[PDB]
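S.K.: work33.cif is reproduced below (mmCIF, C-alpha atoms; chains and numbers go by the auth columns).
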data_run
#
loop_
_atom_site.group_PDB
_atom_site.id
_atom_site.type_symbol
_atom_site.label_atom_id
_atom_site.label_comp_id
_atom_site.label_asym_id
_atom_site.label_seq_id
_atom_site.Cartn_x
_atom_site.Cartn_y
_atom_site.Cartn_z
_atom_site.B_iso_or_equiv
_atom_site.auth_seq_id
_atom_site.auth_asym_id
ATOM 1 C CA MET A 1 -137.778 45.496 -57.516 0.00 1 A
ATOM 2 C CA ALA A 2 -136.975 41.998 -58.876 0.00 2 A
ATOM 3 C CA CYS A 3 -134.504 41.308 -56.017 0.00 3 A
ATOM 4 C CA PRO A 4 -135.201 43.586 -52.986 0.00 4 A
ATOM 5 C CA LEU A 5 -133.300 41.182 -50.687 0.00 5 A
ATOM 6 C CA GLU A 6 -130.048 42.590 -52.108 0.00 6 A
ATOM 7 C CA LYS A 7 -130.831 46.105 -50.837 0.00 7 A
ATOM 8 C CA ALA A 8 -132.203 44.764 -47.571 0.00 8 A
ATOM 9 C CA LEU A 9 -128.848 43.057 -47.166 0.00 9 A
ATOM 10 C CA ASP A 10 -127.441 46.463 -48.024 0.00 10 A
ATOM 11 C CA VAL A 11 -129.796 48.047 -45.454 0.00 11 A
ATOM 12 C CA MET A 12 -128.308 45.866 -42.692 0.00 12 A
ATOM 13 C CA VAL A 13 -124.772 46.594 -43.902 0.00 13 A
ATOM 14 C CA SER A 14 -125.398 50.254 -44.808 0.00 14 A
ATOM 15 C CA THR A 15 -127.092 51.040 -41.485 0.00 15 A
ATOM 16 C CA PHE A 16 -124.309 49.129 -39.708 0.00 16 A
ATOM 17 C CA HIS A 17 -121.711 51.238 -41.536 0.00 17 A
ATOM 18 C CA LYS A 18 -123.412 54.434 -40.307 0.00 18 A
ATOM 19 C CA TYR A 19 -122.944 53.391 -36.654 0.00 19 A
ATOM 20 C CA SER A 20 -119.269 52.609 -37.316 0.00 20 A
ATOM 21 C CA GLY A 21 -119.066 56.286 -38.296 0.00 21 A
ATOM 22 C CA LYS A 22 -119.648 57.313 -34.664 0.00 22 A
ATOM 23 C CA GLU A 23 -116.485 55.504 -33.499 0.00 23 A
ATOM 24 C CA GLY A 24 -114.275 54.785 -36.557 0.00 24 A
ATOM 25 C CA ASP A 25 -113.573 51.029 -36.471 0.00 25 A
ATOM 26 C CA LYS A 26 -115.881 49.276 -38.993 0.00 26 A
ATOM 27 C CA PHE A 27 -114.162 45.898 -38.548 0.00 27 A
ATOM 28 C CA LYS A 28 -115.986 45.257 -35.247 0.00 28 A
ATOM 29 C CA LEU A 29 -118.895 46.465 -33.060 0.00 29 A
ATOM 30 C CA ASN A 30 -119.125 46.490 -29.252 0.00 30 A
ATOM 31 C CA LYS A 31 -121.907 44.512 -27.567 0.00 31 A
ATOM 32 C CA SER A 32 -122.801 47.671 -25.645 0.00 32 A
ATOM 33 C CA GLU A 33 -123.586 49.211 -29.020 0.00 33 A
ATOM 34 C CA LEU A 34 -126.092 46.386 -29.287 0.00 34 A
ATOM 35 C CA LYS A 35 -128.045 48.243 -26.610 0.00 35 A
ATOM 36 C CA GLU A 36 -127.595 51.691 -28.176 0.00 36 A
ATOM 37 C CA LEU A 37 -127.668 50.426 -31.747 0.00 37 A
ATOM 38 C CA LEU A 38 -130.778 48.369 -30.964 0.00 38 A
ATOM 39 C CA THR A 39 -132.826 51.344 -29.680 0.00 39 A
ATOM 40 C CA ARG A 40 -131.266 53.949 -31.925 0.00 40 A
ATOM 41 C CA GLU A 41 -132.282 51.960 -35.019 0.00 41 A
ATOM 42 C CA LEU A 42 -135.329 50.396 -33.394 0.00 42 A
ATOM 43 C CA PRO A 43 -136.603 52.522 -30.449 0.00 43 A
ATOM 44 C CA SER A 44 -140.348 52.387 -29.553 0.00 44 A
ATOM 45 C CA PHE A 45 -141.350 50.753 -32.881 0.00 45 A
ATOM 46 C CA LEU A 46 -139.815 47.632 -31.239 0.00 46 A
ATOM 47 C CA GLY A 47 -139.853 48.084 -27.481 0.00 47 A
ATOM 48 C CA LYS A 48 -143.204 49.787 -28.101 0.00 48 A
ATOM 49 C CA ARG A 49 -144.969 47.709 -25.410 0.00 49 A
ATOM 50 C CA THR A 50 -145.179 44.097 -26.645 0.00 50 A
ATOM 51 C CA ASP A 51 -142.839 41.702 -24.790 0.00 51 A
ATOM 52 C CA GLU A 52 -140.946 44.526 -23.024 0.00 52 A
ATOM 53 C CA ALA A 53 -138.970 41.919 -21.072 0.00 53 A
ATOM 54 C CA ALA A 54 -137.461 40.786 -24.411 0.00 54 A
ATOM 55 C CA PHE A 55 -135.576 44.090 -24.710 0.00 55 A
ATOM 56 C CA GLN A 56 -134.233 43.422 -21.223 0.00 56 A
ATOM 57 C CA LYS A 57 -133.281 39.937 -22.358 0.00 57 A
ATOM 58 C CA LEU A 58 -131.284 41.422 -25.220 0.00 58 A
ATOM 59 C CA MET A 59 -129.812 43.785 -22.694 0.00 59 A
ATOM 60 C CA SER A 60 -129.357 40.910 -20.272 0.00 60 A
ATOM 61 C CA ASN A 61 -127.592 39.054 -23.087 0.00 61 A
ATOM 62 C CA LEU A 62 -124.894 41.714 -23.058 0.00 62 A
ATOM 63 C CA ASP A 63 -124.726 40.748 -19.375 0.00 63 A
ATOM 64 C CA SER A 64 -124.874 37.072 -20.402 0.00 64 A
ATOM 65 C CA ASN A 65 -121.390 35.813 -19.414 0.00 65 A
ATOM 66 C CA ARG A 66 -118.363 37.217 -21.315 0.00 66 A
ATOM 67 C CA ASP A 67 -119.697 39.752 -23.869 0.00 67 A
ATOM 68 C CA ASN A 68 -117.192 42.158 -25.469 0.00 68 A
ATOM 69 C CA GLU A 69 -117.235 42.252 -29.321 0.00 69 A
ATOM 70 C CA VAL A 70 -119.885 41.957 -32.049 0.00 70 A
ATOM 71 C CA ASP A 71 -118.829 40.139 -35.192 0.00 71 A
ATOM 72 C CA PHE A 72 -120.888 40.568 -38.352 0.00 72 A
ATOM 73 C CA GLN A 73 -122.411 37.228 -37.348 0.00 73 A
ATOM 74 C CA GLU A 74 -123.061 38.201 -33.702 0.00 74 A
ATOM 75 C CA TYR A 75 -124.965 41.305 -34.732 0.00 75 A
ATOM 76 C CA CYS A 76 -127.002 39.102 -37.094 0.00 76 A
ATOM 77 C CA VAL A 77 -127.503 36.455 -34.412 0.00 77 A
ATOM 78 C CA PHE A 78 -128.943 39.228 -32.240 0.00 78 A
ATOM 79 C CA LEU A 79 -130.954 40.613 -35.198 0.00 79 A
ATOM 80 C CA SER A 80 -132.148 37.089 -36.049 0.00 80 A
ATOM 81 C CA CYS A 81 -133.061 36.575 -32.402 0.00 81 A
ATOM 82 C CA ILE A 82 -134.950 39.855 -32.657 0.00 82 A
ATOM 83 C CA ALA A 83 -136.751 38.697 -35.824 0.00 83 A
ATOM 84 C CA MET A 84 -137.865 35.388 -34.279 0.00 84 A
ATOM 85 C CA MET A 85 -138.706 37.334 -31.148 0.00 85 A
ATOM 86 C CA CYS A 86 -141.164 39.215 -33.377 0.00 86 A
ATOM 87 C CA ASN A 87 -140.835 38.989 -37.190 0.00 87 A
ATOM 88 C CA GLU A 88 -144.516 38.445 -38.063 0.00 88 A
ATOM 89 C CA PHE A 89 -145.852 35.520 -36.002 0.00 89 A
ATOM 90 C CA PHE A 90 -148.517 36.664 -33.527 0.00 90 A
ATOM 91 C CA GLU A 91 -147.297 34.022 -31.074 0.00 91 A
ATOM 92 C CA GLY A 92 -144.967 35.481 -28.419 0.00 92 A
ATOM 93 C CA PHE A 93 -141.903 33.268 -28.986 0.00 93 A
ATOM 94 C CA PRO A 94 -138.963 33.932 -26.546 0.00 94 A
ATOM 95 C CA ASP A 95 -135.313 34.027 -27.701 0.00 95 A
ATOM 96 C CA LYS A 96 -133.795 31.107 -29.649 0.00 96 A
ATOM 97 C CA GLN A 97 -132.373 29.747 -26.340 0.00 97 A
ATOM 98 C CA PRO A 98 -134.340 26.650 -25.068 0.00 98 A
ATOM 99 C CA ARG A 99 -135.941 26.620 -21.573 0.00 99 A
ATOM 100 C CA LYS A 100 -135.328 23.246 -19.894 0.00 100 A
ATOM 101 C CA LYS A 101 -133.605 21.826 -22.993 0.00 101 A
ATOM 102 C CA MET B 1 -137.176 56.331 -44.374 0.00 1 B
ATOM 103 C CA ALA B 2 -136.247 56.912 -40.699 0.00 2 B
ATOM 104 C CA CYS B 3 -136.041 53.141 -40.004 0.00 3 B
ATOM 105 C CA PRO B 4 -135.517 51.145 -43.257 0.00 4 B
ATOM 106 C CA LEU B 5 -134.175 48.163 -41.271 0.00 5 B
ATOM 107 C CA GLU B 6 -137.789 47.363 -40.332 0.00 6 B
ATOM 108 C CA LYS B 7 -138.789 46.818 -43.968 0.00 7 B
ATOM 109 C CA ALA B 8 -135.551 45.017 -44.738 0.00 8 B
ATOM 110 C CA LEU B 9 -136.470 42.678 -41.898 0.00 9 B
ATOM 111 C CA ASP B 10 -139.826 42.529 -43.651 0.00 10 B
ATOM 112 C CA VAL B 11 -138.026 41.894 -46.975 0.00 11 B
ATOM 113 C CA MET B 12 -136.352 38.783 -45.524 0.00 12 B
ATOM 114 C CA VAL B 13 -139.647 37.635 -43.986 0.00 13 B
ATOM 115 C CA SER B 14 -141.870 38.744 -46.895 0.00 14 B
ATOM 116 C CA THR B 15 -139.661 37.122 -49.541 0.00 15 B
ATOM 117 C CA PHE B 16 -139.454 34.018 -47.324 0.00 16 B
ATOM 118 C CA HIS B 17 -143.261 33.926 -47.110 0.00 17 B
ATOM 119 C CA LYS B 18 -143.497 33.975 -50.924 0.00 18 B
ATOM 120 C CA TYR B 19 -141.423 30.773 -51.188 0.00 19 B
ATOM 121 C CA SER B 20 -143.613 29.092 -48.553 0.00 20 B
ATOM 122 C CA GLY B 21 -146.442 29.748 -51.025 0.00 21 B
ATOM 123 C CA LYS B 22 -144.945 27.211 -53.461 0.00 22 B
ATOM 124 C CA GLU B 23 -145.309 24.370 -50.932 0.00 23 B
ATOM 125 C CA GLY B 24 -147.760 25.477 -48.193 0.00 24 B
ATOM 126 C CA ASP B 25 -145.922 24.979 -44.874 0.00 25 B
ATOM 127 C CA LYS B 26 -144.588 28.373 -43.663 0.00 26 B
ATOM 128 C CA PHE B 27 -143.435 26.975 -40.301 0.00 27 B
ATOM 129 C CA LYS B 28 -140.310 25.437 -41.878 0.00 28 B
ATOM 130 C CA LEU B 29 -138.136 25.439 -45.029 0.00 29 B
ATOM 131 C CA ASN B 30 -136.181 22.527 -46.537 0.00 30 B
ATOM 132 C CA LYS B 31 -132.397 22.862 -46.900 0.00 31 B
ATOM 133 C CA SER B 32 -132.795 21.892 -50.559 0.00 32 B
ATOM 134 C CA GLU B 33 -134.842 25.056 -50.944 0.00 33 B
ATOM 135 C CA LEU B 34 -131.670 26.761 -49.784 0.00 34 B
ATOM 136 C CA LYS B 35 -130.242 25.810 -53.173 0.00 35 B
ATOM 137 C CA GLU B 36 -133.368 26.789 -55.136 0.00 36 B
ATOM 138 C CA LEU B 37 -134.257 29.682 -52.849 0.00 37 B
ATOM 139 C CA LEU B 38 -130.658 30.922 -52.995 0.00 38 B
ATOM 140 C CA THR B 39 -130.528 31.152 -56.826 0.00 39 B
ATOM 141 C CA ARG B 40 -134.169 31.994 -57.330 0.00 40 B
ATOM 142 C CA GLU B 41 -133.809 35.065 -55.103 0.00 41 B
ATOM 143 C CA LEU B 42 -130.146 35.606 -55.911 0.00 42 B
ATOM 144 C CA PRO B 43 -129.197 34.037 -59.291 0.00 43 B
ATOM 145 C CA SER B 44 -126.298 35.590 -61.289 0.00 44 B
ATOM 146 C CA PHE B 45 -126.251 38.823 -59.236 0.00 45 B
ATOM 147 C CA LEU B 46 -124.566 36.575 -56.624 0.00 46 B
ATOM 148 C CA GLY B 47 -123.033 33.597 -58.388 0.00 47 B
ATOM 149 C CA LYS B 48 -122.194 36.120 -61.112 0.00 48 B
ATOM 150 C CA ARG B 49 -118.532 35.004 -61.269 0.00 49 B
ATOM 151 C CA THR B 50 -116.829 36.125 -58.037 0.00 50 B
ATOM 152 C CA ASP B 51 -115.974 33.238 -55.676 0.00 51 B
ATOM 153 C CA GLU B 52 -118.062 30.702 -57.658 0.00 52 B
ATOM 154 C CA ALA B 53 -116.822 27.922 -55.348 0.00 53 B
ATOM 155 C CA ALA B 54 -118.698 29.668 -52.516 0.00 54 B
ATOM 156 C CA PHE B 55 -122.030 28.790 -54.144 0.00 55 B
ATOM 157 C CA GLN B 56 -120.833 25.189 -54.237 0.00 56 B
ATOM 158 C CA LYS B 57 -119.871 25.518 -50.582 0.00 57 B
ATOM 159 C CA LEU B 58 -123.408 26.602 -49.759 0.00 58 B
ATOM 160 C CA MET B 59 -124.563 23.714 -51.865 0.00 59 B
ATOM 161 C CA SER B 60 -121.969 21.496 -50.238 0.00 60 B
ATOM 162 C CA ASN B 61 -123.324 22.685 -46.882 0.00 61 B
ATOM 163 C CA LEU B 62 -126.637 21.046 -47.725 0.00 62 B
ATOM 164 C CA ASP B 63 -124.398 18.004 -48.229 0.00 63 B
ATOM 165 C CA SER B 64 -122.605 18.901 -44.976 0.00 64 B
ATOM 166 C CA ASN B 65 -123.612 16.000 -42.677 0.00 65 B
ATOM 167 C CA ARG B 66 -127.294 15.699 -41.660 0.00 66 B
ATOM 168 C CA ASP B 67 -129.191 18.551 -43.380 0.00 67 B
ATOM 169 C CA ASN B 68 -133.002 18.351 -43.535 0.00 68 B
ATOM 170 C CA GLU B 69 -134.885 21.443 -42.221 0.00 69 B
ATOM 171 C CA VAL B 70 -134.294 25.215 -42.260 0.00 70 B
ATOM 172 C CA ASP B 71 -135.383 27.082 -39.163 0.00 71 B
ATOM 173 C CA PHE B 72 -135.837 30.844 -39.319 0.00 72 B
ATOM 174 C CA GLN B 73 -132.378 30.956 -37.756 0.00 73 B
ATOM 175 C CA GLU B 74 -130.808 28.429 -40.169 0.00 74 B
ATOM 176 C CA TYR B 75 -131.947 30.406 -43.192 0.00 75 B
ATOM 177 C CA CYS B 76 -130.453 33.510 -41.540 0.00 76 B
ATOM 178 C CA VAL B 77 -127.252 31.646 -40.666 0.00 77 B
ATOM 179 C CA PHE B 78 -126.958 30.792 -44.341 0.00 78 B
ATOM 180 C CA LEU B 79 -127.914 34.376 -45.337 0.00 79 B
ATOM 181 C CA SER B 80 -125.445 35.748 -42.771 0.00 80 B
ATOM 182 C CA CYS B 81 -122.802 33.392 -44.142 0.00 81 B
ATOM 183 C CA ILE B 82 -123.694 34.754 -47.563 0.00 82 B
ATOM 184 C CA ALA B 83 -123.360 38.360 -46.359 0.00 83 B
ATOM 185 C CA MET B 84 -119.920 37.788 -44.795 0.00 84 B
ATOM 186 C CA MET B 85 -119.045 35.797 -47.901 0.00 85 B
ATOM 187 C CA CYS B 86 -119.690 39.061 -49.776 0.00 86 B
ATOM 188 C CA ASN B 87 -121.599 41.901 -48.034 0.00 87 B
ATOM 189 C CA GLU B 88 -119.318 44.804 -49.040 0.00 88 B
ATOM 190 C CA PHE B 89 -115.707 43.968 -48.082 0.00 89 B
ATOM 191 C CA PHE B 90 -113.512 43.589 -51.177 0.00 90 B
ATOM 192 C CA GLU B 91 -111.515 40.887 -49.379 0.00 91 B
ATOM 193 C CA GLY B 92 -112.620 37.374 -50.397 0.00 92 B
ATOM 194 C CA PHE B 93 -113.519 35.976 -46.962 0.00 93 B
ATOM 195 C CA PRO B 94 -114.641 32.258 -46.969 0.00 94 B
ATOM 196 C CA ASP B 95 -117.595 30.975 -44.891 0.00 95 B
ATOM 197 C CA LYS B 96 -117.722 31.625 -41.128 0.00 96 B
ATOM 198 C CA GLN B 97 -116.238 28.115 -40.551 0.00 97 B
ATOM 199 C CA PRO B 98 -112.506 28.273 -39.477 0.00 98 B
ATOM 200 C CA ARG B 99 -109.799 26.443 -41.495 0.00 99 B
ATOM 201 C CA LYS B 100 -107.358 24.709 -39.122 0.00 100 B
ATOM 202 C CA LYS B 101 -109.081 26.152 -36.029 0.00 101 B
#
Take the structure in the file and give it back as structure tokens.
M.R.:
Amino acid sequence: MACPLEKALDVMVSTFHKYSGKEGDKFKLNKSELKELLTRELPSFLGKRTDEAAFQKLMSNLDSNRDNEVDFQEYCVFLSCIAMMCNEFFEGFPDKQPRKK
Amino acid sequence: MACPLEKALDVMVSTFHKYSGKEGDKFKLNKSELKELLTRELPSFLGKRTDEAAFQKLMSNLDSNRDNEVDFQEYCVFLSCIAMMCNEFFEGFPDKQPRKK
């Protein structure tokens, strides 16, 4: 357990590989899968009840402007947005997008 | 083990919290810590020998233009860049920055 970050990196990649098993293409993910992959890997334990609108914001992000593919980075940007949305801080911080700025 | 991604998210946040213990401010991380935090949490097991220049690129990123603070997202952008740099693909893919594009 000297370097658990390595497996956690593996957890993000290993879990991601499992979803690619449903379709077959592991070189890319569809933003719609962000909705299904988000709840399938994080159902109530995330959208339990705190900041329910945030789930809709992630869903509304798929409806942002021109959403179509998920690169390894886009899935992480969404996961990172999910972490800041609620990683451990008790303060309800919205997405990384500014309000008036 | 139904949802290991939750702990892995905790692994990134828990390990990150441990480094904040060295200084004291957990609301931000210094890009220099990216160099020390990168090797301290991922020493040889990463810069083992494959794509050694990549470590210098991460280090050169701190020397990019105006580097000073690491937001939760910047640390993840660097971690995401590290994952794509070598998450599981055997192809040596550089950073997420394009070459001529």
S.K.: How many Å lie between atom CA of residue 85 of chain B and atom CA of residue 34 of chain B, rounded to one decimal?
M.R.: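 The value is 15.6 Å.
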S.K.: At a cut-off of 7 Å, using only C-alpha atoms, what residues contact residue 28 of chain A? Leave out same-chain residues fewer than 4 positions from it and give the result as a PDB file with C-alpha atoms, in the coordinates of the input.
M.R.:
ATOM      1  CA  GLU A  69    -117.235  42.252 -29.321  1.00  0.00           C
ATOM      2  CA  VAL A  70    -119.885  41.957 -32.049  1.00  0.00           C
ATOM      3  CA  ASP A  71    -118.829  40.139 -35.192  1.00  0.00           C
TER       4      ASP A  71
END
S.K.: Using only C-alpha atoms, which chain B residues lie at most 8 Å away from chain A, written as a PyMOL selection string?
M.R.: chain B and resi 3-13+15+41-42+72-73+76-77+80-81+83-84+87-88
S.K.: To one decimal place in Å, what is the distance between atom CA of residue 90 of chain A and atom CA of residue 67 of chain B?
M.R.: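 Going from atom CA of residue 90 of chain A over to atom CA of residue 67 of chain B, I get 28.3 Å.
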S.K.: Can you turn the PyMOL selection byres ((chain A and resi 62) around 12) into a concrete residue list for this file, as a VMD selection string?
M.R.: chain A and resid 30 to 36 38 55 to 61 63 to 70 74 to 75 78
S.K.: Please measure the separation of atom CA of residue 49 of chain A and atom CA of residue 95 of chain A, giving the value in Å to one decimal.
M.R.: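 One can read the atom CA of residue 49 of chain A to atom CA of residue 95 of chain A distance as 16.9 Å.
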S.K.: Using all atoms listed in the file, find the one residue out of B:25, B:1, B:86, B:20 that sits nearest to residue 54 of chain B.
M.R.: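 Ranked by minimum distance to residue 54 of chain B, first place goes to B:86.
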S.K.: Which centre and which edge lengths, in Å to one decimal, describe the axis-aligned box that holds all listed atoms of segment 3-8 of chain B after 8 Å is added on each side, as JSON?
M.R.:
{"center_x": -136.5, "center_y": 49.1, "center_z": -42.4, "size_x": 20.6, "size_y": 24.1, "size_z": 20.7}
S.K.: Regenerate segment 80-94 of chain A at the level of N, CA, C and O atoms and dump it as an mmCIF file, in the frame of the given file.
M.R.:
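Listing of selection.cif after writing:
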data_model
loop_
_atom_site.group_PDB
_atom_site.id
_atom_site.type_symbol
_atom_site.label_atom_id
_atom_site.label_comp_id
_atom_site.auth_asym_id
_atom_site.auth_seq_id
_atom_site.Cartn_x
_atom_site.Cartn_y
_atom_site.Cartn_z
ATOM 1 N N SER A 80 -131.318 38.286 -35.744
ATOM 2 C CA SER A 80 -132.148 37.089 -36.049
ATOM 3 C C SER A 80 -132.957 36.757 -34.805
ATOM 4 O O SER A 80 -134.133 36.461 -34.873
ATOM 5 N N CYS A 81 -132.334 36.844 -33.664
ATOM 6 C CA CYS A 81 -133.061 36.575 -32.402
ATOM 7 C C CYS A 81 -134.161 37.612 -32.277
ATOM 8 O O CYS A 81 -135.238 37.340 -31.787
ATOM 9 N N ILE A 82 -133.900 38.806 -32.734
ATOM 10 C CA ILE A 82 -134.950 39.855 -32.657
ATOM 11 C C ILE A 82 -136.069 39.517 -33.647
ATOM 12 O O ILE A 82 -137.241 39.673 -33.361
ATOM 13 N N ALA A 83 -135.716 39.048 -34.811
ATOM 14 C CA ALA A 83 -136.751 38.697 -35.824
ATOM 15 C C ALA A 83 -137.635 37.567 -35.291
ATOM 16 O O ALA A 83 -138.847 37.648 -35.319
ATOM 17 N N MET A 84 -137.042 36.509 -34.809
ATOM 18 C CA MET A 84 -137.865 35.388 -34.279
ATOM 19 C C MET A 84 -138.622 35.890 -33.066
ATOM 20 O O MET A 84 -139.743 35.500 -32.807
ATOM 21 N N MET A 85 -138.021 36.775 -32.332
ATOM 22 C CA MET A 85 -138.706 37.334 -31.148
ATOM 23 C C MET A 85 -139.978 38.011 -31.643
ATOM 24 O O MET A 85 -140.988 38.024 -30.969
ATOM 25 N N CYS A 86 -139.944 38.560 -32.836
ATOM 26 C CA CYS A 86 -141.164 39.215 -33.377
ATOM 27 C C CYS A 86 -140.941 39.611 -34.840
ATOM 28 O O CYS A 86 -140.724 40.767 -35.152
ATOM 29 N N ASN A 87 -141.016 38.666 -35.739
ATOM 30 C CA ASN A 87 -140.835 38.989 -37.190
ATOM 31 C C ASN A 87 -142.209 39.147 -37.841
ATOM 32 O O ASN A 87 -142.414 40.006 -38.672
ATOM 33 N N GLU A 88 -143.154 38.330 -37.464
ATOM 34 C CA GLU A 88 -144.516 38.445 -38.063
ATOM 35 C C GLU A 88 -145.475 37.514 -37.320
ATOM 36 O O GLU A 88 -146.667 37.744 -37.274
ATOM 37 N N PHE A 89 -144.964 36.463 -36.739
ATOM 38 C CA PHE A 89 -145.852 35.520 -36.002
ATOM 39 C C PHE A 89 -146.529 36.256 -34.849
ATOM 40 O O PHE A 89 -145.931 37.072 -34.178
ATOM 41 N N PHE A 90 -147.781 35.980 -34.625
ATOM 42 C CA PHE A 90 -148.517 36.664 -33.527
ATOM 43 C C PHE A 90 -148.234 35.940 -32.216
ATOM 44 O O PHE A 90 -148.559 36.412 -31.144
ATOM 45 N N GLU A 91 -147.622 34.797 -32.302
ATOM 46 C CA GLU A 91 -147.297 34.022 -31.074
ATOM 47 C C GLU A 91 -146.068 34.637 -30.400
ATOM 48 O O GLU A 91 -145.062 34.883 -31.036
ATOM 49 N N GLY A 92 -146.138 34.886 -29.121
ATOM 50 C CA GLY A 92 -144.967 35.481 -28.419
ATOM 51 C C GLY A 92 -143.908 34.400 -28.209
ATOM 52 O O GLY A 92 -143.936 33.667 -27.239
ATOM 53 N N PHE A 93 -142.975 34.297 -29.115
ATOM 54 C CA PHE A 93 -141.903 33.268 -28.986
ATOM 55 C C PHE A 93 -140.687 33.909 -28.278
ATOM 56 O O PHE A 93 -140.242 34.964 -28.687
ATOM 57 N N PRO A 94 -140.138 33.313 -27.231
ATOM 58 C CA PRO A 94 -138.963 33.932 -26.546
ATOM 59 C C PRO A 94 -137.720 33.953 -27.449
ATOM 60 O O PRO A 94 -137.823 33.918 -28.660
#
